[PDB]
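Next up: a single chain in structure tokens, the form deposited in one PDB entry.
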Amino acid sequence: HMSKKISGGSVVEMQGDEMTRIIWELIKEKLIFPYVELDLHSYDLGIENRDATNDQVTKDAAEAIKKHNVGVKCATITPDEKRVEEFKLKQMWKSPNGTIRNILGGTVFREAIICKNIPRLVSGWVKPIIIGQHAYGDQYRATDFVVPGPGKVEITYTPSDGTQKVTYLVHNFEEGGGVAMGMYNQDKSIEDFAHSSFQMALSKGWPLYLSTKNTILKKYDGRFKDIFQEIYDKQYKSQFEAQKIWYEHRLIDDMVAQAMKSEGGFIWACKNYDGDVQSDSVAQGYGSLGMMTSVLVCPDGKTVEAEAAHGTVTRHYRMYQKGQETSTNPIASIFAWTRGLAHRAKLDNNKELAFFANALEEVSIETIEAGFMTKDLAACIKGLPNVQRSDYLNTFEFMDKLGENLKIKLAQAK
């Protein structure tokens, strides 16, 4: 007898670049499509198609996520001066992640996948650390310019209702020039950031910490601390205490030290810049960047976008281009699919898709914990200089082993 495939529903797919693009196709062909039939709204976010469409494909992909609520994104190249020369781009297009995050809005939650046999670089980290980055404002919408010489730099606020213009002196340059910057953030954006952070901490049963530098920026960072405390006392304190958890504000330099010596197991709300930086530090501390997942939680509580936290792994792609053997970890990209398929299952109440999404996550961890892993995870065990070829599998061997273990697990469940 033949087995019918799972009806998956509508998912927005965004193809990427370089080695993650190769991994992306292997995941679809071997892990998803044999078992799930999807109404796939696919958008080619490769660097060449973004140039051909003048980055309009990035625009349409973001709007498609709005309409279908679920999106899975492959890692894409952010153009710099080297990529403009390499691909002969018309202009230096903006980062597709920044464009997508601008249209959707929300908080980017990043979390490392943990395997019991993969040692971390930070010894005490047992439970995962979930960092929630406020995906709006601060340095990423700032106006910076070069000060060419001596002169007065001021920042002013002119109320829209007419009068009461206020001028703040930044610096009076007296010897030479330099640089100056102005940046901002919005009350409504910080409020949505707070709600998603308190909701995430409650759904996991973990305490929440928000990091600012309000000792120095008493008004700018004070607004973040004030809004978080206001919403916590009014709408979340009793729920936190009922779950034996808590929320506390922390100075950023105190937060990174507390996290370094902690055991993990907490939600770490971060401002835009801090979330970008500390997430890569935390990801590397757990072992490998190929194990860090990411999901954008939009303020509507209904739209999400999952993707791997790492990039396109250009160094491995070059090896792949010259025919050399590679060992690229696909776990983060796999969990981008499972997190998106799980959310699609939740919205549609698709028990079959929900069971499948979790089974693929279990197969991935069970395979590594059974001793079958890529070179990056073997280096966590033995140290890179001591890794033998027999200690790991290449990019295609690991995908094959995952595909076989997934076929076995889904057959047993039936």
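Don't overthink the numbering: it's just position in the shown sequence, from 1. Note that the rigid core is defined as the largest set of C-alphas that superpose within 1.5 Å between two forms.
In what follows, reference is made to the form deposited in another entry, a form of this protein that is not presented.
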{"query": "Core-superposed comparison between this form and the one not shown - Cα displaced by 2 angstroms or more, from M319, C115, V84, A180", "finding": "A180"}
{"query": "Rigid core superposed: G105 CA moves 2 Å or more between this form and the one not shown", "finding": "no"}
{"query": "Post core alignment: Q229 C-alpha displaced by 2 Å or more between this form and the one not shown", "finding": "yes"}
{"query": "Rigid core fit then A306 CA moved by 2 Å or more between this form and the one not shown", "finding": "no"}
{"query": "In the other entry, shift in Cα separation for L121 relative to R318, 3 Å or more", "finding": "farther"}
{"query": "Direction of C-alpha distance change in the other entry, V387 to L121 (at least 3 Å)", "finding": "farther"}
